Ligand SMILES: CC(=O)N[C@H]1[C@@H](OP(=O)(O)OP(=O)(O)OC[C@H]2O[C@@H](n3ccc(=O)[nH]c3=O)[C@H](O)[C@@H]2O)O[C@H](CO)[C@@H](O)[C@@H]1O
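Only one chain is given next, in structure tokens, and it is the form solved without the ligand.
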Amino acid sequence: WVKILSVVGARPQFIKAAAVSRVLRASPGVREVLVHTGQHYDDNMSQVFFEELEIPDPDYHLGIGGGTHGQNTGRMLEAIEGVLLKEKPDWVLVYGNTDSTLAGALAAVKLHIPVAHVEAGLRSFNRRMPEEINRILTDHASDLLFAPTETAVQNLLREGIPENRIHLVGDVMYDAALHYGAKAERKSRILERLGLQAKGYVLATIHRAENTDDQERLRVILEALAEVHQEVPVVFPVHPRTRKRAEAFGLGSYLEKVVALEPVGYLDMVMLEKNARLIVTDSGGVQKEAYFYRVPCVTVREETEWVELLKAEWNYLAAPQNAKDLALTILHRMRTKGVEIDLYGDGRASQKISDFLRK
């Protein structure tokens, strides 16, 4: 009764598509096609990703990437269009806001194949921010806009997109975090290995240039974390670049003052996030995950894209100026929680999307 073709580029997009698929594959009368724009990866770490996160095997890998925006986008546009002319789907789903997303939407729309944009209406309002142009043009190219927030809805209305193409469904990444959260609790040994209890540690990740490329900020961070560790163990899966910078700056020994690890796989990282007493991070994605698992977050930046998390008191900016102050900030936010309300849907965004598709 309906053929639904998903275009995905980067890993976040596979995760969103997998969540939607978990609903679509339960729907009798839906045929699904998964088009990956990039290459297959045979490496062990990659195979584990697809397997442990239950990602469907793509029907296509177009192999495109490594070039400029114009080469990657233009080749994807032609190649995706080739697939659409063979598969003739009733719907094309595009996800996130990369060049793959835009290429998928532009390929479909000129063939008059209805396009639905999963994660529509996000705006930085900075036309030069990486994904801002992709966000705007994907949204204006699409037939259905699945917004994660009311702010995104309003963003879309403001640009003259009509209300009847806009549907507030929430963030499928919340759905995915609940699914992987349950699976981690079943499968992950990371807390057993480290000898840690649920709610008995702080998780830290640091990888942004603003922190890792400044000798002074990185010293402040690492010293602050070493001080926090004395009170509550600090688990710090250190990004390899962060490690490299620490070592070059002569800051290596501080990592010996916390539980410093090599990066861990996805399910192990979910297990650490959901069971942390608090998360300290400069990652935008990790800030959202903290909220999804109702774990207080301290963001070691002077700003964040997710102001809604600050307003809801789940997240808290802590610029790394002084090690004592940062440590004390973290220790204090450890005993806070934010507003128990939903910012990004109820974890069932996937069913709401499917409902508008299976019509």
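Note that the rigid core is defined as the largest set of C-alphas that superpose within 1.5 Å between two forms. Shifts are known only where both forms have a C-alpha. Numbers for residues come from their place in the sequence shown, where the first is 1.
What follows is about the form deposited with the ligand bound, which we do not show.
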| property | result |
| --- | --- |
| Candidate from 167, 207, 179, 277 lying within 4.5 Å of the ligand in the deposited bound form - any heavy atom | 207 |
| Of 81, 223, 131, 143, the one that lies within 4.5 Å of the ligand in the deposited bound form (heavy atoms) | 131 |
| Option from 33-41, 313-321, 326-334, 55-63 whose residues, in the deposited bound form, bring a heavy atom within 4.5 Å of the ligand | 33-41 |
| Heavy atom of each of 12, 72 and 239 within 4.5 Å of the ligand in the deposited bound form | yes |
| The ligand contact at residue 138 in the deposited bound form, heavy atom, 4.5 Å | no |
| Partner proximity in the deposited bound form: residue 193 to the ligand, non-hydrogen atom cutoff 4.5 Å | no |
| Residue contact check: residue 188 to the ligand in the deposited bound form, 4.5 Å heavy atom | no |
| Partner proximity in the deposited bound form: residue 158 to the ligand, non-hydrogen atom cutoff 4.5 Å | no |
| Sequence-ordered list of residues in 95-113 near the ligand in the deposited bound form, where near means a heavy atom within 4.5 Å | 97, 98, 99 |
| Yes/no, residue 91 Cα shift of 2 Å or more between this form and the one not shown with rigid core fixed | no |
| Residue shift check between this form and the one not shown, rigid core fit, residue 177 Cα at least 2 Å | no |
| Core-superposed comparison between this form and the one not shown, runs of at least 3 residues with CA shifts of 2 Å or more | 39-50, 185-266, 271-287, 293-307, 313-341 |
